[PDB]
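The chain that follows stands alone, in the form deposited in one PDB entry, written as structure tokens.
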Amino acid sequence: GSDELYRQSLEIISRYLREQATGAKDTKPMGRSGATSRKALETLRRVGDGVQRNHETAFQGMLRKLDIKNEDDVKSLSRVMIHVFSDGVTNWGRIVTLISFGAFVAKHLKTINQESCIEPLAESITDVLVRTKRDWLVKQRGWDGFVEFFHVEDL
């Protein structure tokens, strides 16, 4: 057996956070369910880049409040993400906003240290989403439902 939903989620989230932090796209192709993962990653680029641009002042404010000191300093962010969902509401708008702020934190990490790693961050986001909303994600057909919910044109 295996946890393919976790694997696929971490790959999409890690890829987006890495390319956002480094400014360079990763060329090696994706693994299992590459079609969905590619479209999902493209959807995240289109939507998530817009969320960051359109809320950049609020995002900077949030960064200031969290005062993230290094690549391992993600416990408060984890608590925030759990808190976001603690009213019992789950939807793709909330999820893409958390991933978008993740990419914003990733760029921040690079400003304070060029050698900063993004894996601790991507894992903390992936953990909240996949572990605490596993069955919701499955019911929505995972990243296919993500692609379909935003239905970006000319992917």
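Note that residue numbering follows the sequence shown and begins at 1. Here the rigid core means the biggest group of C-alpha atoms that line up within 1.5 Å when the two forms are laid on top of each other.
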For this session: Look over 98-106 and 23-31 in the entry and identify the one with the greater average Cα temperature factor.
Result: 23-31
Exercise. Given the B-factors recorded for C-alpha atoms, which segment has the greater mean, 88-96 or 113-121?
Worked result: 113-121
Seminar exercise, completed: Per the deposited entry, the peak Cα B-factor within the set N70, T126, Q52, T43 goes to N70
For this session: Rank-wise, by C-alpha B-factor, drop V130 into the lowest, middle or highest third of its chain.
Result: lowest
Exercise. By its CA B factor, does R38 count among the lowest, middle or highest third of the modelled residues in the chain?
Worked result: highest
For this session: Name the third of the chain's ranked CA B-factors that contains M81, choosing lowest, middle or highest.
Result: lowest
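The form deposited in another entry exists for this protein as well; it is not shown, and the discussion that follows is about that form.
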Exercise. Using the core for the fit, does the CA position of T97 change by 2 Å or more between the shown form and the other one?
Worked result: no
Exercise. Any CA movement of 2 Å or more for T126 between the shown form and the other one, core superposed?
Worked result: no
Problem set entry | C-alpha of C117 off by 2 Å or more between the shown form and the other one on rigid core | yes
